[PDB]
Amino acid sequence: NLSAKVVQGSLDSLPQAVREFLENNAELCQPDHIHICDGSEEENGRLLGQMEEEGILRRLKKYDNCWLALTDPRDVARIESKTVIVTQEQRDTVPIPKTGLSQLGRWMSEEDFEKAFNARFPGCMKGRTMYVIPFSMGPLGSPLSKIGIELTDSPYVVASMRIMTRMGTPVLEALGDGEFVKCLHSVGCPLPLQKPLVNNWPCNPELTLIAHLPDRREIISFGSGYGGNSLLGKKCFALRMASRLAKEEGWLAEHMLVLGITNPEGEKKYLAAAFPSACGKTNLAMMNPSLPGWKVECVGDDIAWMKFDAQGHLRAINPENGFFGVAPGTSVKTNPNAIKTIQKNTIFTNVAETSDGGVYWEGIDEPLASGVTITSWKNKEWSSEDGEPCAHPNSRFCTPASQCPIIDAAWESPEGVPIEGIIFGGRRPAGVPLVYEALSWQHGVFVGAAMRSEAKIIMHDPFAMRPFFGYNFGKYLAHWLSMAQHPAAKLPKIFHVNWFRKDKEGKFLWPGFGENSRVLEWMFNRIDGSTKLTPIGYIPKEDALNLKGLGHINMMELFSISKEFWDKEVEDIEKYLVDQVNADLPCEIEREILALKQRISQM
């Protein structure tokens, strides 16, 4: 009956609860076929071939198996407004702010979401094939791993999920009759198409909704084929749904890279860092350090799940399988390890294409040969003389983590790596020194709670989780505070950096990139136990930062801490936390606020 529609695999081979999930949704969405993904190369090949035939992807012949999706410009990034968490009580999802609307997530009632779903999913996969993707977030097996089943009507999602997660038969095998996160997704355009199709890229911007139901462990997404709205483990699961499980279960789900750094004597420390969009997680995660003899290896570039082990260390596993990298700005100079990574088996989306079948983007800094021309991401012959970038500014590559030439030997180790340092930071043109260290855990929590970044607007982005909180931020701050009470906790040292301080002509005071290894060396050694006390935390003392090999650095401007500026900053931090977190702000945080205004008044 349903079996008749199965074009790959066997209903009878699915665990019962996997099958129910599929049956129910097949009946509701009415796809013409059901394809149970097995995650094999042959299937990947077959899917790509179909995609090429349909116009969904084109081959980049300059490389080994790389492909290019161009989307409808209307479907090109994740939309906050349209992204919601649904719970019976609003408070469980975001705090009720004092004034304004909350900037810490968006809640929808169970009733409202029921109506939104019934207005979108019934019949929505007509004429399409429903793919069933079994996947594991984290190494297959690991005690820190979770599993999801994503149902989808996009072959692009499938092929992208093969890279960003462990996917296929082996996950169904590991799941057995276990629990899983239900994940339902539909590009929202049943055939016959009722509207124009751009670039063969179906989406339904007007009905676009991305929903999370933590209590039912469901993620439900409609209307967009893009990135985080459609690869349901990449943000919906990995951050939103996980941060809630984590809160329930005693661990952490964070917007963090994790790297392993080695000094010239062979001692290795793992660090985690949270920066928001456009702020360089990916560059730091697989940096090539300029300091002679230091080594940096990549564990993950975007997400970290962390859990105290039996001896009190905070262990991180990367629950992703790949890098879903912003492309523009990537170059041999800014991120040579990223460049080597995507040399193969990589899917790109919304970047430009050269006439010899290569990719191109703003900041690639790679001169085209004679007679090579560029086709922009909108499919038009392009030049610099138009006023538009040849790639979308948040275009992506999606590449295997196993191909990073410096992927860490422990990136898949099921026990995770011991985090000895947590780093926070954003873009701040003025006022915030290159690096400082937190005075205590509690202060470190406030430091993350206080993050702002210029996105000419400077916005608050606490912990770089602003679009990703899976529950009430005030409870998230208490949960993080609570770790200082974990029996025998080895608390990671906490730091805040700023690679983007500017002089008055707007030029960067710090060269960054590979030179950030100098900042790392200072944190590595503070971890090993020197400092100068300032009202905001410790900074390096005079001559402590290793500057050999660089050109001039205006160190004094770079570490300059002004009363006027900081009078302003804490006032702004205060007003933001009290209004936005309101009744949920933990008192430890109110104390850290008052204390920093006390320390600053003394200056």
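Heads up, when I say rigid core I mean the largest set of C-alphas that superpose within 1.5 Å between the two forms. Residue numbers here begin at 1 and follow the sequence given.
Per-stretch RMS Cα distance to the displayed form in 6 other deposited structures of this protein, following rigid core alignment, is highest for 279-287 when 279-287 and 160-168 are compared. Greater C-alpha displacement in 6 other deposited structures of this protein (rigid core superposition, RMS over structures and residues), of 226-234 versus 127-135: 226-234.
The modelled chain is continuous from residue 487 to residue 488, with every intervening residue of the deposited sequence accounted for. The stretch of deposited sequence separating residue 96 from residue 97 contains no residues lacking coordinates in this entry. Averaged over CA atoms, B-factors in the entry run higher in 136-144 than in the other of 398-406 and 136-144.
Mean C-alpha B-factor is higher over 553-561 than over the other stretch, the pair under comparison being 553-561 and 58-66.
Across 578, 37, 48, 547, the greatest Cα temperature factor reported in the deposited entry is at 547. Set against one another, the Cα B-factors of 365, 267, 297, 320 in the record reach their highest point at 365. When the modelled residues of the chain are ordered by C-alpha B-factor, residue 28 sits in the highest third. Residue-level temperature factors show residue 501 in the lowest third of its chain, judged at the C-alpha atom. Residue 196: CA B factor lies in the highest third for its chain, per the PDB record. Residue-level temperature factors show residue 349 in the lowest third of its chain, judged at the C-alpha atom. Per the deposited record, the Cα B-factor of residue 414 falls in the highest third when ranked against the other modelled residues of its chain.
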